[PDB]
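Participant: Structure in structure tokens, see below.
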Amino acid sequence: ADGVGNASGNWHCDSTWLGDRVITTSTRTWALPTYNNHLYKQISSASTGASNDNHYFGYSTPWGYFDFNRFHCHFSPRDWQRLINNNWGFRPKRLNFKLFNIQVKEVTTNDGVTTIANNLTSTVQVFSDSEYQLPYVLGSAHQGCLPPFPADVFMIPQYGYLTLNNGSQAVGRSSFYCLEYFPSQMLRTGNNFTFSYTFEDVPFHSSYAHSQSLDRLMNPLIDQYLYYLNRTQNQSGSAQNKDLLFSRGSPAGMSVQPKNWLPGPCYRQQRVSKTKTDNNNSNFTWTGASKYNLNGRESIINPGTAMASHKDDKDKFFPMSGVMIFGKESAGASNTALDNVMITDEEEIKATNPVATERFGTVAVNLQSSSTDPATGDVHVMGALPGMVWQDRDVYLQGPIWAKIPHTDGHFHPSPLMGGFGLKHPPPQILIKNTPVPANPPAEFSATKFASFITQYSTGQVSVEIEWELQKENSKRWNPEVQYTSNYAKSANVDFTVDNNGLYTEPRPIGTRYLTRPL
Amino acid sequence: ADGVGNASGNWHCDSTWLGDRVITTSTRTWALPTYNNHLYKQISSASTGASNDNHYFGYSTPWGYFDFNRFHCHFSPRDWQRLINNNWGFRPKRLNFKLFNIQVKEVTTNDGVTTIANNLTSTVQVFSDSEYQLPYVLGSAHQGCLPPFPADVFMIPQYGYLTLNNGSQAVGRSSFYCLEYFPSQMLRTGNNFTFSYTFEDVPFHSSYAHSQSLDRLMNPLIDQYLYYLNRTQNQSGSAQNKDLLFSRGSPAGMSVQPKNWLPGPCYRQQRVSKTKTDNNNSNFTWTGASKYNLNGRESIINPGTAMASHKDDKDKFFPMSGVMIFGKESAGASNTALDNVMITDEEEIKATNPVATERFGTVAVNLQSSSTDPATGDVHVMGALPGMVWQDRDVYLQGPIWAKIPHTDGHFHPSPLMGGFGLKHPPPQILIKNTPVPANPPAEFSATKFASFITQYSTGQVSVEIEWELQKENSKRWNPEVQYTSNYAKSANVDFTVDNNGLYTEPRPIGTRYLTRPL
Amino acid sequence: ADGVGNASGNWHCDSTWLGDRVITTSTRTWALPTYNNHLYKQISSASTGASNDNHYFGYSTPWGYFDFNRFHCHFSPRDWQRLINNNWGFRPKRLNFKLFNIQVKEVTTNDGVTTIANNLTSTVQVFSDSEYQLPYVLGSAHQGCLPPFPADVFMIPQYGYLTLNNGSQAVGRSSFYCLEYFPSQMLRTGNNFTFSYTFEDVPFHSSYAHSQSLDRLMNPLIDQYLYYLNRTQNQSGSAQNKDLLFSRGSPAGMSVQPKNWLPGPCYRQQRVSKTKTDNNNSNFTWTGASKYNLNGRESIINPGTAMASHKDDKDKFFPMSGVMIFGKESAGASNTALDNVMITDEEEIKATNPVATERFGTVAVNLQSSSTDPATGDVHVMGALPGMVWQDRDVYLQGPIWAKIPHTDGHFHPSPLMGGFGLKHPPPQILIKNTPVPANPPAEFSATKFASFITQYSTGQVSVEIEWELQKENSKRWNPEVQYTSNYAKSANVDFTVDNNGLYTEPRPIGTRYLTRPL
Amino acid sequence: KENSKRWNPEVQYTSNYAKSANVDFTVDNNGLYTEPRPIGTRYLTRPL
Ligand SMILES: Nc1ncnc2c1ncn2[C@@H]1C[C@@H](O)[C@@H](COP(=O)(O)O)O1
Ligand SMILES: Nc1ncnc2c1ncn2[C@@H]1C[C@@H](O)[C@@H](COP(=O)(O)O)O1
Ligand SMILES: Nc1ncnc2c1ncn2[C@@H]1C[C@@H](O)[C@@H](COP(=O)(O)O)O1
Ligand SMILES: Nc1ccnc(=O)[nH]1
Ligand SMILES: Nc1ccnc(=O)[nH]1
Ligand SMILES: Nc1ccnc(=O)[nH]1
């Protein structure tokens, strides 16, 4: 239960702050079509003339899925502000899902005149793959998430997946999943669906920027008790003579003092400028791109290793594929102008992580001697070395929240490369589909496959509640900190607001790293 | 109860393995038309010019029936694999039926424009003939079973039956059953129907192949203590002279050692080749066919006695009507090409059962003496002889499960000749029908039969749960066994999968005999 | 325990009669060699030029096995007499096995002078395959059983088995068993092995002959109330005219009276005479032999269906392969003279079973009419028909006791065709082997297979106790019955006795059918 | 144990059924045990 003329759920949609806790609960109203005419279909790069690196094999499903894996699905711009401006970190604790006031309509089109009526007896099916038995497509930054603006109605994305492929063909080990082979709950107007999940223990997300840097971590007023080789050729003597002179760590030469740690790992990336003139005249997008080679296919590393987007005084350049880029509502599908996208800046970590477009360092390459000169080389790729420390890619008000850690034998610091929390057991995929309704069948039994169905779609609200744990700050810093603030200068439109046509717009990407914390 | 806007059942459809048990529960969504305009109709071969062997008399009913008598209605291809690759046998224990979310629509066609609306007050009737008072039509391999692929919608078959006939006429002892003369439950959207049955004690199905053969069952290293007549004419003596020389069972002559058992019974069948050239140029399909003669009418024995489909090294031939043949989805109604069907191979039993196209053996036909020579003959038909042992026809992922043992005075090893379990009291026939809805009647009483009805059909889901009992294996075999495995070699489509158009396809027939067990 | 100088078992070997019970317990002393040098070896008809029907594939094992599957292993001639002369039937109930006083000797041969010494620390391994996981070779009438005469020392047979074969090659489904992969108990002089088994419920063996025959089972003094068609052509009328005259069952014509039952099933066999002159001059041994065809290979049916060895007054002929034949101690391996074997006579069942060399009967083959004459044919092979009754092949003092019913889907009256009790779970195979003893190994590690071993054999006593259940007789017969009796007439040697050289000899084969019982 | 919701059959290690002179992982006519090929453990499927 209960009934047809009885709401099966209310509009819960608030935000509650409780010291070290904050419950965000937002509800949006959705629309679900009938996909593929209730058919599972094999799909492939086959006959697309697709590049060799773009081949793929998989299946498109008749099911739709719920996806709220974006911060703006839960935090209003103002809340996000509250969060990033006063806390050193946060993480998800537990969540709550709910489907209600579901209504199934049946459209009868004819003579251009289409009519929409209720089919009070139709059902919609749901089920959460809580045992992760289906391929996981959440956490690949796809569209179809809950809209940022509560007053927006959205369309549920269609669920499709991929599997092992050799060119545009499949292989023996390829897998095909049928979602109807999963116990799922059926609903009619008066029914509703609910379910709760608990997040696994996960590190707080570092919502702060360091107020010191690895190199500048010593006492500016005092020497060290350590010495380093300072000269191998004596100064003057009106001749250049071989020697071995040592000096001891001085504040006057911090760049040469023995230290305890190393910058973060790094996989260098090409650098491009926001002013076309500076760029080389060619299309190096794929040519000079940092790609990884997985079984014959190349794939751009994007955004790849967390690295400072640019060195100080140069928010002019950016890693060719080392920064998150969101599109403004104006941006088109492909080859859209620069001012139609928003490129994130990850320079807040230049204090501990290597800059993405530069060399990580220099390495000795030979054995110097009186007869052969000491040579070196530039290291462009650097794996994990003991003593390394680093910061992970920051998250954004419109970025991903989590991603499922692949189920592999081993894995290194599994933090989703494009921002987020790495979960061994993430929130499960919620699958929904309209059950088929056979149109009038022949008056004489026919065994051939049924392919005539009442055309219909469904609609209802969905509520998602998440309890977040805050990590308050207690900086003993004396001077004011940086804080996200809307510009007070007058203008035609207000940031994160609708316009004269009712189109909600997210002007810029907001990070979370404003508050300071020493190393 | 309960209501209109309230689902009366969920989509249970899983599979659970519990050591020696396995519960398969699958649910499909169905569509039921109005058959015969709610009329019972007499039907016969009368005026069809039908052959003499094809005459028949019976009645077609306004009712529809549920039929899930095919393994693929319960086992997914993968499950079937699990089953056949690790168990020596299995059998049904108990089942559970359920009808729900039933919806009755009423189509109003006009001007080519047809409209489908709900008739919230209409009813559908169901009832299980649990006392087997109606002619049993399940277990005759008819279409209309639950689809293999869960996502398929199917049409319920129409229930018709036959009775005693003399040509195209009926006889005094002929029977006519009216299904409305059975207490049946009526349902409206909010209602549902449920019922459970328990299988009778039945032998496990032999899901294994023998790793020895009747003839080769002795100790290869040792003689016997028995002797046999070896020669009746002395060897050499530069003359051929009468004699009586005996030898004793030696490994050097196993084909002549006294044994304890005999191969299985046999009723020889003609042999045809898959390469037309080898075949005789004529249409012997019926001509040289093995037929039985029951009261003036002939009927092909098909598949008849369980016999090896061909001797070793010849999966090229096959019994003309001694093997199960399923059609690929491409196969047509009649006279379709070879590669549109799939012919089962029953050679796994050549170890104990006679080959179907050969003679069972040789028999002495006279009394030899010095004056008359010892003659013999080929035995083509062999009834049960004491000491006989045999294997029954294997079952297939897309074959029958059970059949009702006819209610006759006697019966021999009643295992359904075309595969399956012989049940004295099988799952009952589930009958369903849409109750008639008189269209507007005349405004003045008329006693003549009512023949104007609201045109309508119904639809809903049906769930069938079966608990199967497994007979695990404990072979002390040392070397690996054969196992059903999908080919790993790359290809365009995956076996037992949908294609680019959403058409599910069962590439080959899967048996159950892979594991080995000695005699 | 216990010790080296301590007997681990006594010589139990008696026979006890207890009304309806009789416990036979006999013990013999055995000798076990080292077979195959402790090696498992693949063996086949490969490269033997062996006939096509004699091909085979299998493995010879390093193990030996105990076999007491012959009546004379438990019954002395006198006991057998007691049994067959006073009981209407008997069957096995439970048994007891025991291995003791085992001694392992190690032979050191050299310069023709061989020396035998005790290896007090060597072990012998035993184990009963009580789960029937190994191919069963008992019940194939092989040599190596316990000797009839208690004072005889015997050699344990070597255990080998066969498996699926295609010519002299193997197949995928072929099985290879390693006996070392079975938990087995190890023994040194002071140890012993014991185990008990219980026979399954089985019909008593019919140790009697019928004192009536199927045809002559009515009242000689009274008519029947039934009539039969006696003439179809009127007698006399000085003309032969069509008619229909009926008579009623009279004692004067028993051969034509309606009856209730039919003789036993039958598969005709060629007939040969003990006096070569009567026989046809040719070698029809295989030519005109009744053979069965199992997957390309032919095999003589021997002894096949239980049938009377010859009609009354003709103990001169015999079925070419329808009677058991034991060899006298003088008989050679092959092509030995008639008087070196003993051919059993199964004429005691001519009262209910068909004679083996004759036709079972006559059958109508056409539809007679004034224009076409009534023809018939001789039926040489007859399967089981309802109403059939029959007697099984008798057992002999030196014949088999039981056989394992093959593990097949179905089987008909599974009584071992060559005499005995058909057991689903027979006494298990007892396997014994001398554990290898590495000779001195190289002084420097070598991974190659070890192939140098101390040459040794073992010896000890084995006791087998079986409790048999008797079925006493209570015939109300007035005249004396036939009884097995040794001839009283004087002669040079006593039957079932040793001769001047100490060679025990079993003069003739003794059946069990002497006592009478009406149908 | 595995609980793949996969629908199509998986790959499985299986001895070849085609006839031949010797059986895999078996002794020969001389009693020499032989391991014909190396068997891995990766046959069953599991999504990432
Ligand atoms: N930023 C981060 N750094 C390290 N680990 C993180 C992380 N975010 C999430 N994790 C994961 C969550 C858990 O999966 C844990 C790894 O668990 P396991 O893979 O060894 O079974 O750390
Ligand atoms: N493979 C099989 N072999 C023998 N019997 C089988 C069988 N499969 C099913 N049966 C039946 C099931 C039960 O009907 C039983 C026969 O019962 P009744 O007809 O004497 O009353 O054996
Ligand atoms: N002379 C005989 N006649 C009939 N059956 C006999 C027999 N001697 C032994 N049996 C077997 C012993 C048991 O195996 C029983 C058959 O058991 P199941 O094969 O149906 O499981 O009858
Ligand atoms: N960081 C890690 C250390 C060891 N093993 C892993 O899988 N990951
Ligand atoms: N196998 C059978 C034996 C006896 N009667 C039967 O009806 N069936
Ligand atoms: N005698 C028999 C009747 C029915 N089934 C059998 O296997 N055997």
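Ligands are numbered from 1 in the order shown, chains are lettered A, B, ... in the order of the structure tokens, and residues start at 1 in each chain.
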Could you give me, as a VMD selection string, the residues within 8 Å of stretch 458-471 of chain A, counting only C-alpha atoms and dropping anything in the same chain fewer than 3 positions from it?
Facilitator: chain A and resid 11 to 13 19 to 33 74 87 to 105 124 204 434
Participant: Step one, run DSSP on the backbone; step two, keep only residues of stretch 88-333 of chain B assigned to helix (DSSP H, G or I); then write them as a PyMOL selection string.
Facilitator: chain B and resi 179-181+251-256+276-278+284-287
Participant: Using only C-alpha atoms, what does the table of chain D residues within 7 Å of chain A look like, with each row giving the shortest atom pair and its distance in Å to one decimal, sorted by chain and ascending number, as CSV?
Facilitator:
```
residue,atom,partner,partner_atom,distance
D:4,CA,A:133,CA,6.4
D:5,CA,A:133,CA,5.8
D:6,CA,A:177,CA,5.2
D:7,CA,A:177,CA,5.5
D:8,CA,A:176,CA,6.2
D:10,CA,A:173,CA,6.5
D:11,CA,A:173,CA,6.4
D:45,CA,A:173,CA,6.6
D:47,CA,A:135,CA,5.9
D:48,CA,A:406,CA,5.1
```
Participant: Could you give me the residues within 6 Å of ligand 1, counting only C-alpha atoms and all ligand atoms, as an MDAnalysis selection string?
Facilitator: chainID A and resid 202:203 413:415 421:424
Participant: Considering only C-alpha atoms, extract the chain C residues located within 6 Å of chain B and return them as an MDAnalysis selection string.
Facilitator: chainID C and resid 53:54 133 137 140:143 160:161 163:164 174 176:177 268:270 276 278:283 285 288 290:295 299:300 302 325:326 334:337 383:384 406:414 416:418
Participant: With a distance cut-off of 10 Å and only C-alpha atoms, select the neighbouring residues of residue D:41, excluding the residue or stretch itself and same-chain residues fewer than 3 positions from it, and output the selection as an MDAnalysis selection string.
Facilitator: chainID D and resid 12:13 44
Participant: For N, CA and C atoms, I'd like the residues from the last selection saved as a PDB file, in the first residue's frame.
Facilitator:
```
ATOM      1  N   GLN D  12      36.011 -22.831 -19.355  1.00  0.00           N
ATOM      2  CA  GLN D  12      36.297 -23.801 -18.301  1.00  0.00           C
ATOM      3  C   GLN D  12      37.425 -24.692 -18.749  1.00  0.00           C
ATOM      4  N   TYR D  13      38.277 -25.122 -17.826  1.00  0.00           N
ATOM      5  CA  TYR D  13      39.348 -26.006 -18.242  1.00  0.00           C
ATOM      6  C   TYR D  13      38.690 -27.334 -18.523  1.00  0.00           C
ATOM      7  N   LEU D  44      37.213 -18.451 -14.627  1.00  0.00           N
ATOM      8  CA  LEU D  44      35.984 -17.754 -14.279  1.00  0.00           C
ATOM      9  C   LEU D  44      36.095 -16.246 -14.456  1.00  0.00           C
TER      10      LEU D  44
END
```
Participant: Rank nothing, just name the residue among B:507, B:357, B:236, B:129 nearest to residue B:380, using only C-alpha atoms.
Facilitator: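 Of B:507, B:357, B:236, B:129, the one nearest residue B:380 is B:357, counting only C-alpha atoms.
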Participant: May I have all residues of stretch 233-462 of chain C that DSSP, computed from the backbone, assigns to strand (DSSP E or B), given as a PyMOL selection string?
Facilitator: chain C and resi 233-234+241-248+262+266-267+271-273+291-294+297-300+308+317-319+325-327+336+341-343+355+361-364+376-379+381-382+388+400+402-404+410-411+421-423+430-434+438+453+456-462
Participant: Quick one: of C:159, C:186, C:489, C:57, who's nearest to residue D:28, counting only C-alpha atoms?
Facilitator: C:57
Participant: Neighbouring residues of residue A:107 were defined as those with any atom within 6 Å, considering only C-alpha atoms; residues of the same chain fewer than 5 positions away were excluded. Please report them as a count of residues only.
Facilitator: 4
Participant: Between C:18, C:306, C:171, C:403, which has the minimum distance to residue D:18 (counting only C-alpha atoms)?
Facilitator: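 The closest residue to residue D:18 is C:171.
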Participant: Excluding residue A:493 and residues on its chain fewer than 6 positions from it, collect all residues at most 12 Å away from it, counting only C-alpha atoms, and give them as a ChimeraX atom specification.
Facilitator: /A:486-487,499-500,503-507
Participant: Would you save the residues from that selection as a short mmCIF file (atom, residue, chain, number, x, y, z; two decimals), in the first residue's frame, using N, CA and C atoms?
Facilitator:
```cif
data_model
loop_
_atom_site.label_atom_id
_atom_site.label_comp_id
_atom_site.auth_asym_id
_atom_site.auth_seq_id
_atom_site.Cartn_x
_atom_site.Cartn_y
_atom_site.Cartn_z
N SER A 486 31.33 35.58 -2.90
CA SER A 486 30.75 36.04 -4.16
C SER A 486 31.20 37.48 -4.29
N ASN A 487 31.42 37.93 -5.51
CA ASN A 487 31.87 39.30 -5.68
C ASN A 487 30.74 40.26 -5.32
N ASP A 499 18.13 32.90 -14.77
CA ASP A 499 18.12 34.16 -15.50
C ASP A 499 16.67 34.46 -15.84
N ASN A 500 16.48 35.46 -16.68
CA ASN A 500 15.16 35.90 -17.11
C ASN A 500 14.35 34.81 -17.85
N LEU A 503 16.82 29.66 -16.61
CA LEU A 503 17.89 28.70 -16.81
C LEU A 503 18.90 28.84 -15.69
N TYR A 504 19.01 27.81 -14.84
CA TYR A 504 19.97 27.85 -13.74
C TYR A 504 21.37 27.79 -14.32
N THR A 505 22.30 28.52 -13.72
CA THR A 505 23.65 28.56 -14.24
C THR A 505 24.74 28.55 -13.16
N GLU A 506 25.73 27.67 -13.31
CA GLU A 506 26.84 27.60 -12.37
C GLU A 506 28.05 28.33 -12.96
N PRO A 507 28.21 29.59 -12.60
CA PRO A 507 29.25 30.45 -13.17
C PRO A 507 30.68 29.92 -13.16
#
```
Participant: When you look at residue C:80 with a cut-off of 10 Å (counting only C-alpha atoms), what residues show up, excluding the ones that are within fewer than 2 positions of it in the same chain? I need them as a PDB file with N, CA and C atoms, in the first residue's frame.
Facilitator:
```pdb
ATOM      1  N   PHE C  71      31.836 -70.247  -4.852  1.00  0.00           N
ATOM      2  CA  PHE C  71      31.291 -71.051  -3.781  1.00  0.00           C
ATOM      3  C   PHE C  71      32.265 -72.004  -3.114  1.00  0.00           C
ATOM      4  N   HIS C  72      33.164 -72.604  -3.877  1.00  0.00           N
ATOM      5  CA  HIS C  72      34.074 -73.535  -3.249  1.00  0.00           C
ATOM      6  C   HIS C  72      35.118 -72.867  -2.368  1.00  0.00           C
ATOM      7  N   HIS C  74      34.156 -71.256   0.183  1.00  0.00           N
ATOM      8  CA  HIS C  74      33.490 -71.313   1.470  1.00  0.00           C
ATOM      9  C   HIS C  74      32.835 -72.641   1.805  1.00  0.00           C
ATOM     10  N   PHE C  75      32.360 -73.359   0.798  1.00  0.00           N
ATOM     11  CA  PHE C  75      31.722 -74.634   1.076  1.00  0.00           C
ATOM     12  C   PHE C  75      32.584 -75.820   0.697  1.00  0.00           C
ATOM     13  N   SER C  76      32.722 -76.769   1.613  1.00  0.00           N
ATOM     14  CA  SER C  76      33.491 -77.965   1.309  1.00  0.00           C
ATOM     15  C   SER C  76      32.554 -78.798   0.442  1.00  0.00           C
ATOM     16  N   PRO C  77      33.081 -79.812  -0.242  1.00  0.00           N
ATOM     17  CA  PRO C  77      32.155 -80.582  -1.055  1.00  0.00           C
ATOM     18  C   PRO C  77      31.035 -81.133  -0.190  1.00  0.00           C
ATOM     19  N   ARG C  78      31.388 -81.659   0.972  1.00  0.00           N
ATOM     20  CA  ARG C  78      30.374 -82.221   1.842  1.00  0.00           C
ATOM     21  C   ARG C  78      29.342 -81.191   2.272  1.00  0.00           C
ATOM     22  N   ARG C  82      25.264 -81.081   1.913  1.00  0.00           N
ATOM     23  CA  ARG C  82      24.294 -80.787   2.963  1.00  0.00           C
ATOM     24  C   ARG C  82      23.315 -79.728   2.461  1.00  0.00           C
ATOM     25  N   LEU C  83      23.868 -78.630   1.954  1.00  0.00           N
ATOM     26  CA  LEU C  83      23.085 -77.516   1.443  1.00  0.00           C
ATOM     27  C   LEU C  83      22.104 -77.898   0.349  1.00  0.00           C
ATOM     28  N   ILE C  84      22.620 -78.291  -0.805  1.00  0.00           N
ATOM     29  CA  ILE C  84      21.763 -78.631  -1.929  1.00  0.00           C
ATOM     30  C   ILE C  84      20.756 -79.764  -1.743  1.00  0.00           C
ATOM     31  N   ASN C  85      21.030 -80.682  -0.826  1.00  0.00           N
ATOM     32  CA  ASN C  85      20.128 -81.812  -0.610  1.00  0.00           C
ATOM     33  C   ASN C  85      18.986 -81.599   0.371  1.00  0.00           C
ATOM     34  N   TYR C 396      27.025 -73.108  -9.260  1.00  0.00           N
ATOM     35  CA  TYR C 396      27.772 -74.336  -9.042  1.00  0.00           C
ATOM     36  C   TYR C 396      28.801 -74.247  -7.931  1.00  0.00           C
ATOM     37  N   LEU C 397      29.122 -75.393  -7.336  1.00  0.00           N
ATOM     38  CA  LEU C 397      30.093 -75.432  -6.257  1.00  0.00           C
ATOM     39  C   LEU C 397      31.359 -74.689  -6.629  1.00  0.00           C
ATOM     40  N   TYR C 484      22.089 -85.448  -4.436  1.00  0.00           N
ATOM     41  CA  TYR C 484      23.444 -85.602  -4.929  1.00  0.00           C
ATOM     42  C   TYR C 484      24.078 -86.649  -4.049  1.00  0.00           C
ATOM     43  N   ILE C 510      28.945 -79.511  -9.452  1.00  0.00           N
ATOM     44  CA  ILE C 510      27.720 -79.817  -8.715  1.00  0.00           C
ATOM     45  C   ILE C 510      26.770 -78.622  -8.744  1.00  0.00           C
ATOM     46  N   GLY C 511      25.522 -78.860  -9.143  1.00  0.00           N
ATOM     47  CA  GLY C 511      24.549 -77.783  -9.177  1.00  0.00           C
ATOM     48  C   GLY C 511      23.939 -77.602  -7.796  1.00  0.00           C
ATOM     49  N   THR C 512      22.698 -77.133  -7.722  1.00  0.00           N
ATOM     50  CA  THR C 512      22.048 -76.959  -6.427  1.00  0.00           C
ATOM     51  C   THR C 512      20.606 -77.386  -6.561  1.00  0.00           C
TER      52      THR C 512
END
```
Participant: Compile the contact shell of residue C:43 as a PyMOL selection string: residues with an atom at most 6 Å away, counting only C-alpha atoms, same-chain residues fewer than 6 positions apart removed.
Facilitator: (chain C and resi 58-59) or (chain D and resi 29)
Participant: Could those residues be written to a file, using N, CA and C atoms, as a PDB file, in the first residue's frame?
Facilitator:
```pdb
ATOM      1  N   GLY C  58      43.600 -49.698 -21.377  1.00  0.00           N
ATOM      2  CA  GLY C  58      43.498 -49.707 -19.932  1.00  0.00           C
ATOM      3  C   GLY C  58      44.826 -49.525 -19.232  1.00  0.00           C
ATOM      4  N   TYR C  59      44.865 -49.849 -17.946  1.00  0.00           N
ATOM      5  CA  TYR C  59      46.079 -49.693 -17.166  1.00  0.00           C
ATOM      6  C   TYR C  59      46.334 -50.896 -16.271  1.00  0.00           C
TER       7      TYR C  59
ATOM      8  N   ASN D  29      52.917 -46.458 -21.285  1.00  0.00           N
ATOM      9  CA  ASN D  29      53.210 -47.883 -21.316  1.00  0.00           C
ATOM     10  C   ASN D  29      54.453 -48.285 -20.506  1.00  0.00           C
TER      11      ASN D  29
END
```
Participant: Measuring between only C-alpha atoms, which one of C:398, C:47, C:192, C:340 shows the shortest distance to residue C:7?
Facilitator: C:192
Participant: Would you compute the distance between atom CA of residue B:309 and atom CA of residue D:23? Give it in Å to one decimal.
Facilitator: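 We find that atom CA of residue B:309 and atom CA of residue D:23 lie 24.9 Å from each other.
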